[PDB]
Amino acid sequence: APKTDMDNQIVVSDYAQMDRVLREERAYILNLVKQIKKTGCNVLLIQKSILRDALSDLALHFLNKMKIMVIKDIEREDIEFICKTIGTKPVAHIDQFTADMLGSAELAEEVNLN
Amino acid sequence: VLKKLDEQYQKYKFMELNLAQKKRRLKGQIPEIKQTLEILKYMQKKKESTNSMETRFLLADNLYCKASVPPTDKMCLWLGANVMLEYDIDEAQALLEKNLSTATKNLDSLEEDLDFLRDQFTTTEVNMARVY
Amino acid sequence: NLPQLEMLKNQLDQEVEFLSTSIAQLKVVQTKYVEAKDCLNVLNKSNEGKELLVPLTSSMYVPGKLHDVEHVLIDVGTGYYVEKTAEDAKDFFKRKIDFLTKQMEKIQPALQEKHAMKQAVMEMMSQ
Amino acid sequence: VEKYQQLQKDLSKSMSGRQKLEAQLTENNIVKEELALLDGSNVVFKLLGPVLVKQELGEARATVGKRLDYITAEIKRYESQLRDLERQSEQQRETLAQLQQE
Amino acid sequence: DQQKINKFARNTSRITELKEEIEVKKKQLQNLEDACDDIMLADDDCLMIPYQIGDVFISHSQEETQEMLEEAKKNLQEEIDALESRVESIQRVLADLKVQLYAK
Amino acid sequence: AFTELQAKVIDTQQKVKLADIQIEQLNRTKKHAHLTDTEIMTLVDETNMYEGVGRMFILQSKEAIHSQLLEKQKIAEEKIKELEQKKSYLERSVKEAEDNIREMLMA
Amino acid sequence: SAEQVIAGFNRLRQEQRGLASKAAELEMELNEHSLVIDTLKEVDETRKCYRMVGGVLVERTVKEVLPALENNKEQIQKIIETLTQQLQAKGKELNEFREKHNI
């Protein structure tokens, strides 16, 4: 969830408010993560935690565990070559995040080999 | 005469204090018994054994202990009033579904009568402080 | 002279009972760390595979056979849950039995000055 | 005028809401020792909100640290709510009670 | 005396009587889903996520816990907009009693 | 003087009445312990008899109850002695210290 | 002198406070028993019946629990009115012994 002083949207200055803060901070970690597999994804291109504000691992772990292929912190110029050459269309946003603007990789593999 | 109002004053004092208790007793009971329906229904696998799932024993106020729930197929239900009965899978559902309807109905009539009751109490309460 | 020492005797008798109030409930919660410690014995001692009744919720109990006597709770956090060894819990129960017992003997001496000062207020009045 | 007492209420009301969670403040450090008094011998969970949630010992003191963040701050709230609400009460004694005499 | 005030005090009492109940409906649904707050961040569905039902639990993935909780939330949110119908109803009849008291 | 009187009388008062609820409960427990065994054994047969010191109630043998009520009624029989003695003797020092309170006050 | 003046109020402030909440405490058990005779007796009783206190649970016959339940509710209905009669008598001498202090 978008950053101010932290990676998540959680900044706790009160518990009476924290119960009240509990309510709406539960989504972003769930939704966009699930939205990845709601549209469905076998892969995920993600720019770097420096290139993108914060990447919740607690969200990305469940996002990984949804058995999408996450490349977290991936370089943009490969993404560029991914976008144009193999046709993974730009998603900068949820308005732009669909199953279609996703490239379809006849195979995608994390390779420790070679 | 002072004799007319104090009869209302003392009786409306006893009944307004009594009915609001059962009005509140019928108040808290409506969600509670219903939640126990659903808790039971979560636990019930109908035409099967209820509560075959995980459990943590409640030993006393400060303590839990992990265990496995599944019993012979019955559910003990807390009545109050120094009485509890055994209840089976449906016999738990039989009493429990039933008390949801009863506790729901008896409030508003007890409330609406209490509404005019304290309308009788406070109205009488005004004239008594006049004389004495 | 007399009424001024009357109402102050009246007020200090609340200080009597308020500390008498703060000690009394403190013994209950003491004993429910006992009662939790108490139930942990009967549980641990009995057996595995025999029926129980532990409260399901209001209006119901949930029965079942006992297993895992050693996995326990010591109430902590906000209601945060922990497991300990069954002997770890008894001590923490007893530790929480040991704690509340001292505030009792902390309250009673402060409960005493509320009597004597009250009586000292009465003493000038009566005498 | 009630502007004494509503404030005296606002005084007296949050006086306890402050001091209420010192118990769960203590309990959040108690579990941390219970997390220390275990090496993982007995798995720790969390109840705030109904369901049971498995928690790593690191996640545990992260949770009870959250649960310490679910406590410490609501204790810190009141001390200012003590003063004005007796004072502005006394200041409403210096206004509304002054409003009465004139 | 007057016959209005004791009836005039009836709607006022049922205002906050009914109005406050939405809070505990929120706070539960608020706190009921804290059970969801805790589960996806730490402890995902690689393990089991039990949904507490009374004294016993139903163990299942990250998902079914956020489901069986949602229905405990879902049933609770319906009475919110069902009660606010009667909550907002009781205040205006009070104002309707505020009209005819000034004459008597 | 009334300065020292309030401390002496309350201390010994809470010493004696301790041993009282200490002794009298043991007898009443024992006396009430006779009831539950007669309550279960009145049934011709029962498949469920639960024992607990709290909101947990576990299935256990009816034979284990009488022996659990054996030493219990034996220990409750043992403790009463000094619990009468700590009541009987410590009853003295509270009233003896409470005597000069009102009578010197009434005078 | 002023001794019973300070005692009488203090006596009647303590016990009437103590007997203030004892009147309706049974009346909720009255409500609880009037509830159970309405809720429990409405469902069938063929079932093994329990008398429960905090510590221990007793196994009982379906018949044997009946003399315990309603006699309590009647024991409830009986002594709620008499203790309340004793409260109003305290309130008179309490106010009697309060005014001498607040004079």
# chains A, B, ... in the order shown; residues from 1 in each chain; ligands from 1
call {"tool": "select_by_dssp", "arguments": {"residues": "chain C", "states": "strand (DSSP E)", "output": "list in words"}}
result
residues 51, 52, 53, 54, 55, 56, 57, 60, 61, 62, 63, 64 and 65 of chain C
call {"tool": "residues_around", "arguments": {"residues": "residue 40 of chain E", "least_positions_apart": "4", "cutoff": "8 Å", "atoms": "only C-alpha atoms", "output": "list in words"}}
result
residues 29, 30, 58, 59 and 62 of chain A; 36, 44 and 62 of chain E
call {"tool": "residues_around", "arguments": {"residues": "segment 34-41 of chain C", "least_positions_apart": "3", "cutoff": "8 Å", "atoms": "only C-alpha atoms", "output": "ChimeraX atom specification"}}
result
/B:59-63 /C:30-31,44-45,69,86,89-90,93-94,97 /F:52-54,56
call {"tool": "residues_around", "arguments": {"residues": "residue 18 of chain D", "least_positions_apart": "4", "cutoff": "9 Å", "atoms": "only C-alpha atoms", "output": "ChimeraX atom specification"}}
result
/D:14,22,73-79
call {"tool": "write_last_selection", "arguments": {"atoms": "C-alpha atoms", "output": "PDB file, in the first residue's frame"}}
result
ATOM      1  CA  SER D  14     -10.899   8.670  28.817  1.00  0.00           C
ATOM      2  CA  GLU D  22      -1.557  -1.187  30.699  1.00  0.00           C
ATOM      3  CA  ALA D  73      -0.362   4.265  21.990  1.00  0.00           C
ATOM      4  CA  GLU D  74      -3.950   4.200  23.280  1.00  0.00           C
ATOM      5  CA  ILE D  75      -2.413   4.440  26.747  1.00  0.00           C
ATOM      6  CA  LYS D  76      -0.458   7.532  25.726  1.00  0.00           C
ATOM      7  CA  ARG D  77      -3.554   9.472  24.701  1.00  0.00           C
ATOM      8  CA  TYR D  78      -5.208  10.805  27.828  1.00  0.00           C
ATOM      9  CA  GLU D  79      -2.814  13.005  29.819  1.00  0.00           C
TER      10      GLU D  79
END
call {"tool": "closest_atom_pairs", "arguments": {"of": "chain G", "to": "chain B", "cutoff": "9 Å", "atoms": "only C-alpha atoms", "output": "JSON lines"}}
result
{"residue": "G:24", "atom": "CA", "partner": "B:18", "partner_atom": "CA", "distance": 7.4}
{"residue": "G:27", "atom": "CA", "partner": "B:18", "partner_atom": "CA", "distance": 6.8}
{"residue": "G:28", "atom": "CA", "partner": "B:21", "partner_atom": "CA", "distance": 6.3}
{"residue": "G:29", "atom": "CA", "partner": "B:81", "partner_atom": "CA", "distance": 6.8}
{"residue": "G:30", "atom": "CA", "partner": "B:81", "partner_atom": "CA", "distance": 8.6}
{"residue": "G:31", "atom": "CA", "partner": "B:22", "partner_atom": "CA", "distance": 5.6}
{"residue": "G:32", "atom": "CA", "partner": "B:81", "partner_atom": "CA", "distance": 5.9}
{"residue": "G:33", "atom": "CA", "partner": "B:81", "partner_atom": "CA", "distance": 5.0}
{"residue": "G:34", "atom": "CA", "partner": "B:81", "partner_atom": "CA", "distance": 8.7}
{"residue": "G:35", "atom": "CA", "partner": "B:81", "partner_atom": "CA", "distance": 8.4}
{"residue": "G:36", "atom": "CA", "partner": "B:79", "partner_atom": "CA", "distance": 6.2}
{"residue": "G:37", "atom": "CA", "partner": "B:81", "partner_atom": "CA", "distance": 8.7}
{"residue": "G:38", "atom": "CA", "partner": "B:102", "partner_atom": "CA", "distance": 8.5}
{"residue": "G:39", "atom": "CA", "partner": "B:99", "partner_atom": "CA", "distance": 6.0}
{"residue": "G:40", "atom": "CA", "partner": "B:79", "partner_atom": "CA", "distance": 6.7}
{"residue": "G:42", "atom": "CA", "partner": "B:95", "partner_atom": "CA", "distance": 7.8}
{"residue": "G:43", "atom": "CA", "partner": "B:95", "partner_atom": "CA", "distance": 5.4}
{"residue": "G:44", "atom": "CA", "partner": "B:95", "partner_atom": "CA", "distance": 8.1}
{"residue": "G:45", "atom": "CA", "partner": "B:85", "partner_atom": "CA", "distance": 7.6}
{"residue": "G:46", "atom": "CA", "partner": "B:85", "partner_atom": "CA", "distance": 8.7}
{"residue": "G:47", "atom": "CA", "partner": "B:86", "partner_atom": "CA", "distance": 5.3}
{"residue": "G:48", "atom": "CA", "partner": "B:86", "partner_atom": "CA", "distance": 5.4}
{"residue": "G:49", "atom": "CA", "partner": "B:85", "partner_atom": "CA", "distance": 4.3}
{"residue": "G:50", "atom": "CA", "partner": "B:84", "partner_atom": "CA", "distance": 4.5}
{"residue": "G:51", "atom": "CA", "partner": "B:83", "partner_atom": "CA", "distance": 5.1}
{"residue": "G:52", "atom": "CA", "partner": "B:82", "partner_atom": "CA", "distance": 6.0}
{"residue": "G:53", "atom": "CA", "partner": "B:82", "partner_atom": "CA", "distance": 7.6}
{"residue": "G:62", "atom": "CA", "partner": "B:85", "partner_atom": "CA", "distance": 8.2}
{"residue": "G:65", "atom": "CA", "partner": "B:83", "partner_atom": "CA", "distance": 7.0}
{"residue": "G:66", "atom": "CA", "partner": "B:83", "partner_atom": "CA", "distance": 8.8}
{"residue": "G:68", "atom": "CA", "partner": "B:82", "partner_atom": "CA", "distance": 7.7}
{"residue": "G:69", "atom": "CA", "partner": "B:81", "partner_atom": "CA", "distance": 6.4}
{"residue": "G:70", "atom": "CA", "partner": "B:81", "partner_atom": "CA", "distance": 8.7}
{"residue": "G:72", "atom": "CA", "partner": "B:81", "partner_atom": "CA", "distance": 8.5}
{"residue": "G:73", "atom": "CA", "partner": "B:81", "partner_atom": "CA", "distance": 8.5}
call {"tool": "write_last_selection", "arguments": {"atoms": "N, CA and C atoms", "output": "short mmCIF file (atom, residue, chain, number, x, y, z; two decimals), in the first residue's frame"}}
result
data_model
loop_
_atom_site.label_atom_id
_atom_site.label_comp_id
_atom_site.auth_asym_id
_atom_site.auth_seq_id
_atom_site.Cartn_x
_atom_site.Cartn_y
_atom_site.Cartn_z
N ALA G 24 -32.61 -6.96 42.74
CA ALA G 24 -32.93 -7.38 41.39
C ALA G 24 -31.95 -8.43 40.86
N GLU G 27 -33.94 -11.29 40.33
CA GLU G 27 -34.97 -11.04 39.33
C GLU G 27 -34.46 -11.30 37.92
N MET G 28 -33.14 -11.24 37.72
CA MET G 28 -32.58 -11.69 36.45
C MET G 28 -32.53 -13.21 36.38
N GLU G 29 -32.20 -13.86 37.50
CA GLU G 29 -32.35 -15.30 37.57
C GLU G 29 -33.81 -15.69 37.40
N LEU G 30 -34.72 -14.90 37.99
CA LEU G 30 -36.13 -15.01 37.63
C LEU G 30 -36.33 -14.92 36.13
N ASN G 31 -35.77 -13.89 35.49
CA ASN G 31 -35.80 -13.81 34.04
C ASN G 31 -35.09 -15.00 33.41
N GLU G 32 -33.94 -15.39 33.96
CA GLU G 32 -33.22 -16.54 33.43
C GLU G 32 -34.01 -17.83 33.61
N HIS G 33 -34.65 -18.01 34.77
CA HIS G 33 -35.44 -19.22 34.97
C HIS G 33 -36.74 -19.16 34.18
N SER G 34 -37.43 -18.01 34.20
CA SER G 34 -38.60 -17.84 33.34
C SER G 34 -38.22 -18.00 31.88
N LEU G 35 -36.97 -17.68 31.53
CA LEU G 35 -36.49 -17.96 30.19
C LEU G 35 -36.35 -19.46 29.95
N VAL G 36 -35.69 -20.15 30.87
CA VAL G 36 -35.39 -21.57 30.67
C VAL G 36 -36.67 -22.40 30.69
N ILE G 37 -37.59 -22.09 31.60
CA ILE G 37 -38.86 -22.81 31.58
C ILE G 37 -39.62 -22.50 30.30
N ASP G 38 -39.35 -21.34 29.69
CA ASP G 38 -39.91 -21.06 28.37
C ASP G 38 -39.08 -21.68 27.26
N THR G 39 -37.75 -21.55 27.33
CA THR G 39 -36.90 -22.05 26.24
C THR G 39 -36.64 -23.55 26.36
N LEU G 40 -36.25 -24.02 27.55
CA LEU G 40 -35.92 -25.44 27.70
C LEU G 40 -37.17 -26.31 27.64
N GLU G 42 -39.75 -25.87 26.25
CA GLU G 42 -40.33 -25.83 24.91
C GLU G 42 -39.76 -26.94 24.04
N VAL G 43 -38.44 -27.15 24.09
CA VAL G 43 -37.85 -28.32 23.46
C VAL G 43 -38.10 -29.54 24.34
N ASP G 44 -38.01 -30.72 23.73
CA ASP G 44 -38.22 -31.97 24.44
C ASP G 44 -37.18 -32.13 25.55
N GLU G 45 -37.62 -32.71 26.68
CA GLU G 45 -36.68 -33.26 27.65
C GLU G 45 -36.89 -34.76 27.71
N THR G 46 -36.09 -35.50 26.95
CA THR G 46 -35.82 -36.91 27.23
C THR G 46 -34.39 -37.07 27.73
N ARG G 47 -33.66 -35.96 27.74
CA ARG G 47 -32.21 -35.96 27.68
C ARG G 47 -31.58 -35.90 29.06
N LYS G 48 -30.41 -36.54 29.17
CA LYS G 48 -29.65 -36.49 30.41
C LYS G 48 -29.43 -35.04 30.82
N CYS G 49 -29.80 -34.73 32.05
CA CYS G 49 -29.83 -33.36 32.53
C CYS G 49 -28.64 -33.09 33.44
N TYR G 50 -28.17 -31.84 33.42
CA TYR G 50 -26.97 -31.43 34.13
C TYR G 50 -27.30 -30.32 35.12
N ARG G 51 -26.76 -30.45 36.33
CA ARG G 51 -26.65 -29.33 37.27
C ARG G 51 -25.20 -28.89 37.28
N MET G 52 -24.93 -27.69 36.79
CA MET G 52 -23.57 -27.19 36.68
C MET G 52 -23.34 -26.02 37.62
N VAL G 53 -22.22 -26.08 38.35
CA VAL G 53 -21.61 -24.93 39.00
C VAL G 53 -20.26 -24.70 38.33
N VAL G 62 -33.42 -36.92 34.12
CA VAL G 62 -34.24 -35.83 33.58
C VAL G 62 -35.28 -35.37 34.60
N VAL G 65 -33.80 -32.98 38.11
CA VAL G 65 -33.38 -31.59 38.01
C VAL G 65 -34.56 -30.65 38.24
N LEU G 66 -35.77 -31.12 37.95
CA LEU G 66 -36.95 -30.27 38.09
C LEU G 66 -37.13 -29.68 39.49
N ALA G 68 -34.93 -28.74 41.51
CA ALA G 68 -33.89 -27.74 41.75
C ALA G 68 -34.22 -26.43 41.03
N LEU G 69 -34.79 -26.52 39.83
CA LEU G 69 -34.88 -25.35 38.96
C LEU G 69 -35.92 -24.35 39.46
N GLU G 70 -37.17 -24.81 39.60
CA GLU G 70 -38.28 -23.88 39.81
C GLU G 70 -38.37 -23.44 41.26
N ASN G 72 -35.83 -22.67 42.97
CA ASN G 72 -34.95 -21.51 42.97
C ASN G 72 -35.69 -20.27 42.48
N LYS G 73 -36.39 -20.38 41.35
CA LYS G 73 -37.13 -19.24 40.82
C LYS G 73 -38.19 -18.77 41.81
#
call {"tool": "residues_around", "arguments": {"residues": "residue 48 of chain E", "least_positions_apart": "6", "cutoff": "10 Å", "atoms": "only C-alpha atoms", "output": "PyMOL selection string"}}
result
(chain D and resi 52-54) or (chain E and resi 58-62+65)
call {"tool": "closest_residue", "arguments": {"among": "C:17, C:6, C:48, C:87", "to": "chain F", "atoms": "only C-alpha atoms"}}
result
C:48
call {"tool": "residues_around", "arguments": {"residues": "residue 42 of chain A", "least_positions_apart": "3", "cutoff": "8 Å", "atoms": "only C-alpha atoms", "output": "ChimeraX atom specification"}}
result
/A:37,67-69
call {"tool": "interface_residues", "arguments": {"of": "chain E", "to": "chain A", "cutoff": "12 Å", "atoms": "only C-alpha atoms", "output": "list in words"}}
result
residues 23, 26, 27, 28, 29, 30, 31, 32, 33, 34, 35, 36, 37, 38, 39, 40, 41, 42, 43, 44, 45, 46, 47, 61, 62, 63, 66 and 73 of chain E
call {"tool": "atom_distance", "arguments": {"atom1": "atom CA of residue 60 of chain F", "atom2": "atom CA of residue 78 of chain F"}}
result
26.5 Å
call {"tool": "select_by_dssp", "arguments": {"residues": "segment 21-87 of chain F", "states": "alpha helix (DSSP H)", "output": "ChimeraX atom specification"}}
result
/F:21-41,62-87
call {"tool": "write_last_selection", "arguments": {"atoms": "N, CA and C atoms", "output": "compact mmCIF listing (two decimals), in the first residue's frame"}}
result
# COMPACT_ATOMS: atom_id res chain seq x y z
N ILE F 21 -13.83 -19.66 57.75
CA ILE F 21 -14.17 -20.12 56.41
C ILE F 21 -13.20 -21.20 55.96
N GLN F 22 -12.01 -21.25 56.56
CA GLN F 22 -11.11 -22.37 56.31
C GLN F 22 -11.68 -23.67 56.87
N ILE F 23 -12.11 -23.67 58.13
CA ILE F 23 -12.60 -24.91 58.73
C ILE F 23 -14.01 -25.24 58.25
N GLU F 24 -14.91 -24.24 58.23
CA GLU F 24 -16.32 -24.53 57.99
C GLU F 24 -16.56 -24.99 56.56
N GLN F 25 -15.79 -24.46 55.61
CA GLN F 25 -15.91 -24.91 54.23
C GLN F 25 -15.55 -26.38 54.10
N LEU F 26 -14.45 -26.79 54.73
CA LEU F 26 -14.03 -28.19 54.68
C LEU F 26 -15.15 -29.12 55.10
N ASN F 27 -15.83 -28.80 56.20
CA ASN F 27 -16.96 -29.62 56.62
C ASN F 27 -18.11 -29.53 55.61
N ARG F 28 -18.45 -28.32 55.18
CA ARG F 28 -19.55 -28.16 54.25
C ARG F 28 -19.23 -28.79 52.90
N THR F 29 -17.99 -28.62 52.41
CA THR F 29 -17.56 -29.37 51.24
C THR F 29 -17.78 -30.87 51.44
N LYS F 30 -17.12 -31.44 52.45
CA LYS F 30 -17.34 -32.85 52.79
C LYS F 30 -18.82 -33.18 52.86
N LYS F 31 -19.58 -32.38 53.61
CA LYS F 31 -21.03 -32.58 53.69
C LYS F 31 -21.69 -32.46 52.33
N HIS F 32 -21.21 -31.53 51.49
CA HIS F 32 -21.77 -31.41 50.15
C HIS F 32 -21.16 -32.44 49.21
N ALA F 33 -19.98 -32.98 49.56
CA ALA F 33 -19.36 -33.99 48.72
C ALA F 33 -20.11 -35.31 48.79
N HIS F 34 -20.84 -35.54 49.88
CA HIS F 34 -21.64 -36.76 49.98
C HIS F 34 -22.78 -36.75 48.97
N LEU F 35 -23.15 -35.57 48.48
CA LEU F 35 -24.34 -35.44 47.65
C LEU F 35 -24.10 -35.94 46.23
N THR F 36 -22.98 -35.51 45.62
CA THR F 36 -22.74 -35.83 44.22
C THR F 36 -22.62 -37.33 43.98
N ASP F 37 -21.96 -38.05 44.89
CA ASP F 37 -21.87 -39.50 44.74
C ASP F 37 -23.24 -40.14 44.81
N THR F 38 -24.12 -39.63 45.67
CA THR F 38 -25.48 -40.15 45.76
C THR F 38 -26.31 -39.71 44.56
N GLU F 39 -25.95 -38.58 43.96
CA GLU F 39 -26.69 -38.09 42.80
C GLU F 39 -26.43 -38.94 41.56
N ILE F 40 -25.18 -39.37 41.37
CA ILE F 40 -24.86 -40.18 40.20
C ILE F 40 -25.26 -41.64 40.42
N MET F 41 -25.09 -42.15 41.64
CA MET F 41 -25.35 -43.56 41.89
C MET F 41 -26.84 -43.85 42.00
N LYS F 62 -16.32 -43.66 37.53
CA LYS F 62 -17.02 -43.35 38.77
C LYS F 62 -16.23 -43.85 39.98
N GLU F 63 -15.39 -44.87 39.79
CA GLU F 63 -14.55 -45.36 40.87
C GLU F 63 -13.50 -44.32 41.26
N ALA F 64 -13.05 -43.53 40.29
CA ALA F 64 -12.02 -42.54 40.58
C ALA F 64 -12.57 -41.37 41.38
N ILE F 65 -13.90 -41.20 41.37
CA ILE F 65 -14.50 -40.07 42.08
C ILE F 65 -14.49 -40.31 43.58
N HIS F 66 -14.90 -41.50 44.02
CA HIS F 66 -14.96 -41.79 45.45
C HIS F 66 -13.59 -41.69 46.09
N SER F 67 -12.55 -42.19 45.41
CA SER F 67 -11.20 -42.05 45.94
C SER F 67 -10.73 -40.60 45.85
N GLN F 68 -11.15 -39.88 44.81
CA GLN F 68 -10.88 -38.45 44.75
C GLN F 68 -11.67 -37.71 45.82
N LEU F 69 -12.79 -38.29 46.25
CA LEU F 69 -13.51 -37.75 47.39
C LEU F 69 -13.10 -38.45 48.69
N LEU F 70 -12.15 -39.38 48.61
CA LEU F 70 -11.64 -40.02 49.82
C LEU F 70 -10.62 -39.14 50.54
N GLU F 71 -9.46 -38.90 49.92
CA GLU F 71 -8.46 -38.05 50.55
C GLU F 71 -8.96 -36.61 50.67
N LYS F 72 -9.81 -36.17 49.74
CA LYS F 72 -10.39 -34.84 49.85
C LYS F 72 -11.19 -34.71 51.14
N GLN F 73 -12.11 -35.65 51.39
CA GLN F 73 -12.81 -35.66 52.67
C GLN F 73 -11.89 -36.06 53.81
N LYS F 74 -10.76 -36.69 53.51
CA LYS F 74 -9.77 -36.96 54.55
C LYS F 74 -8.93 -35.73 54.85
N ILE F 75 -8.46 -35.03 53.82
CA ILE F 75 -7.67 -33.83 54.04
C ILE F 75 -8.54 -32.71 54.59
N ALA F 76 -9.77 -32.58 54.08
CA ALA F 76 -10.70 -31.63 54.67
C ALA F 76 -11.04 -32.02 56.11
N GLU F 77 -10.86 -33.29 56.45
CA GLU F 77 -11.01 -33.73 57.83
C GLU F 77 -9.75 -33.43 58.65
N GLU F 78 -8.59 -33.40 57.99
CA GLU F 78 -7.35 -33.15 58.70
C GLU F 78 -7.14 -31.66 58.97
N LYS F 79 -7.47 -30.81 57.99
CA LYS F 79 -7.13 -29.40 58.09
C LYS F 79 -7.97 -28.68 59.14
N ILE F 80 -9.14 -29.23 59.47
CA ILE F 80 -10.09 -28.51 60.33
C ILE F 80 -9.52 -28.25 61.72
N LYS F 81 -8.62 -29.11 62.20
CA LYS F 81 -8.19 -29.05 63.59
C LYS F 81 -7.58 -27.69 63.94
N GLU F 82 -6.41 -27.37 63.37
CA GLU F 82 -5.83 -26.05 63.63
C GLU F 82 -6.69 -24.95 63.02
N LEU F 83 -7.46 -25.28 61.98
CA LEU F 83 -8.36 -24.30 61.39
C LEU F 83 -9.52 -23.99 62.32
N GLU F 84 -9.81 -24.91 63.25
CA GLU F 84 -10.60 -24.54 64.42
C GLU F 84 -9.73 -23.84 65.46
N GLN F 85 -8.51 -24.35 65.67
CA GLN F 85 -7.63 -23.77 66.68
C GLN F 85 -7.21 -22.36 66.31
N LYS F 86 -6.81 -22.14 65.05
CA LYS F 86 -6.48 -20.78 64.62
C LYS F 86 -7.72 -19.89 64.65
N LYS F 87 -8.91 -20.48 64.56
CA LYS F 87 -10.12 -19.71 64.77
C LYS F 87 -10.37 -19.48 66.26
call {"tool": "closest_atom_pairs", "arguments": {"of": "chain D", "to": "chain C", "cutoff": "6 Å", "atoms": "only C-alpha atoms", "output": "tab-separated table"}}
result
residue	atom	partner	partner_atom	distance
D:24	CA	C:78	CA	5.2
D:27	CA	C:76	CA	4.3
D:28	CA	C:77	CA	3.8
D:31	CA	C:76	CA	5.7
D:42	CA	C:83	CA	5.1
D:43	CA	C:83	CA	5.7
D:44	CA	C:82	CA	4.3
D:45	CA	C:81	CA	4.8
D:46	CA	C:80	CA	4.4
D:47	CA	C:80	CA	4.7
D:64	CA	C:77	CA	6.0
